[PDB]
Amino acid sequence: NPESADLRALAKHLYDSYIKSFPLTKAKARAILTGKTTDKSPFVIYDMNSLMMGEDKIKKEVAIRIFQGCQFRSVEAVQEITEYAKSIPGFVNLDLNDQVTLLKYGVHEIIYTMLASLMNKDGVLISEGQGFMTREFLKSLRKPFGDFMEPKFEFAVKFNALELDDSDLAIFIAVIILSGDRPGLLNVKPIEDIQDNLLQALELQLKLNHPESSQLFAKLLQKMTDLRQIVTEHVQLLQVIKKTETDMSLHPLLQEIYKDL
Amino acid sequence: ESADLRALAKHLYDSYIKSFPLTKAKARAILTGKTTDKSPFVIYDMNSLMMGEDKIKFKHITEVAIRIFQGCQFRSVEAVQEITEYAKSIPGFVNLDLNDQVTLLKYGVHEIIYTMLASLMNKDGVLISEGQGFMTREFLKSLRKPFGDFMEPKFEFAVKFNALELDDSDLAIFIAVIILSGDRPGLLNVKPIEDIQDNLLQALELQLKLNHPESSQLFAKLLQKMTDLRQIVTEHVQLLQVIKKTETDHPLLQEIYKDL
Ligand SMILES: O=C(O)c1nn(Cc2ccc(Cl)c(Cl)c2)c(=O)c2cc(Oc3ccccc3)ccc12
Ligand SMILES: O=C(O)c1nn(Cc2ccc(Cl)c(Cl)c2)c(=O)c2cc(Oc3ccccc3)ccc12
């Protein structure tokens, strides 16, 4: 069909921009985690000793240092997601204020989606897959900090059972950015016309790439409720840390995103 | 077979008509709708409330914001039994582990109540007492410090949910998809729940394609609204624990309602 064909070209375009925007793809993450010979095995951090050994190999309190580590990686992800968003057709043509709103609300939902790529049951890849930090070591951190990652692992284990690949995820993250139910949006209709087109492209991609996977489209859109709950839970955890650690700085970029969310 | 999807759509519509007295078609006729054969009594004010209690026979009723809250709770307890009856008509539901049926109802009913509340709302108010009354959004915002923003978030949800222009035949399937959620906590056997929710999502997809052929990606937009339902529900429960810190200290009344 002429219309299918425009949907495949949109899918190829977004996958292309996704590869160019995100240095560590799920395909590379899965090669490192499942020990494929295409990639180097990571140094594993499971305790204080392996952590300090990590400083040497992969290149102030421990819970805090790991937390600032996450923080900076989040800032980097925000920069890669903002560069991907510019590639989404129509996005840069929107009201500048709506561009800002779509990024502010969308970026955390995208971070937890793509963070699932780097996770299994037992832990998470770090320093572009040169390291692996165990889930158990993260859960054993000091009182406020030991709970930060657990909800991300729980989402990730469920999300990964969908067995999406990068070409699926490129279209899904574009659908997330182009919501239009986000608060404070000036012109909802230009946003929903783009989301509509992205949702058509996602639906055909999943039919073609997962022809045996019944209602994968609906099952993936339902996962949007889990992303919203991880974001809401994470923000109220940051409100606790702000108050118990008055000496701990937050990046302004993260601060501007969380501002009246 | 697309015919077997048309079967459970029909079946769910028939059962939804039997379970829920005030359908969206009826609510709409009375609201923004004209159908001027019997206009609702409007509650806009303290004296409208007091007169309303007089005109409409209210089944609840032995401060003003407390008595409205109690009336809403009474309606919720009735809606739970209507939804429970509807659930038992969904193919496969009664064959699930009984603990899993109870779990699915326990977590589902709140999401269904707000879904169905939207049928009875416009941007200016909510229908009550089976469509015989109408409580204004302004009057509900006007109420005391905690009770003034219990209904507001549901109005904002309803305005947005109602823009989809679903009818009863669409909503009947949507409500079933909500109930058969495999992600409720403490479920013992997720497989048969996800397998029924699969079949229901197929039926809802086909229903929205046939019932709304010019409404692009309605299915996606409706599934996205489930994200908003969960937020409303989590936001509502936290507001409820503050209300359990004003209307403190009947014992048998306490029991009938409960958080459970
Ligand atoms: O740089 C990373 O990729 C990184 N990632 N994660 C998980 C994660 C979180 C958020 C996002 Cl968006 C991504 Cl993609 C990945 C960390 O938890 C993490 C922790 C760090 O702390 C230390 C500190 C001293 C030694 C060793 C590690 C350092 C770096 C990281
Ligand atoms: O009985 C009703 O229909 C009713 N409904 N709602 C909204 C609602 C809630 C849940 C569900 Cl599922 C639905 Cl579908 C609709 C109320 O808020 C409400 C408030 C009341 O308060 C008073 C008290 C004294 C006088 C006048 C009104 C009385 C009755 C009601």
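Note that chain A carries Swiss-Prot numbering, so the residues on display, from first to last, are 233-291, 303-504.
Looking at the header, which is where the method is noted, we find X-ray crystallography, 2.2 Å.
Every residue, even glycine, has its Cβ placed from backbone N, Cα and C.
Features as listed in Swiss-Prot:
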- A:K252: ubiquitin cross-link (CROSSLNK)
- A:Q314, A:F315, A:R316, A:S317, A:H351, A:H477, A:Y501: rosiglitazone binding site (BINDING)
- A:495-503: motif '9aaTAD' (MOTIF)
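Taking every pair among A:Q314, A:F315, A:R316, A:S317, A:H351, A:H477, A:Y501, the residues recorded as binding rosiglitazone, the greatest CA to CA distance is 16 Å.
Of the listed recorded positions, namely A:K252, A:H351, the sparsest CB environment within 10 A is found at A:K252. A separation of roughly 18 Å, to the nearest angstrom, links the Cα atoms of A:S317 (rosiglitazone binding site) and the residue listed as 'ubiquitin cross-link'.
Taking DSSP states H, G and I as helix and E and B as strand, the motif '9aaTAD' (A:495-503) has 7 helix, 0 strand, 2 coil. Within 10 Å of the C-beta atom of A:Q314 (rosiglitazone binding site) sit 15 other C-beta atoms, taking all shown protein chains into account. Checking the recorded positions A:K252, A:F315, A:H351 against ligand 1, none has a C-beta less than 6 Å from an atom of that molecule. Neighbour counts of Cβ atoms within 10 Å were compared across the binding-site residues A:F315, A:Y501; the minimum falls on A:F315. Of the deposited chain, 11 residues are missing between A:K291 and A:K303, and the straight-line Cα distance between those two residues is 18 Å.
Other Cβ atoms within 10 Å of the Cβ of A:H477 (rosiglitazone binding site) number 17 in total over all chains. Shown are the binding-site residues A:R316, A:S317; the one with the most C-beta atoms within 10 angstroms of its own C-beta is A:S317.
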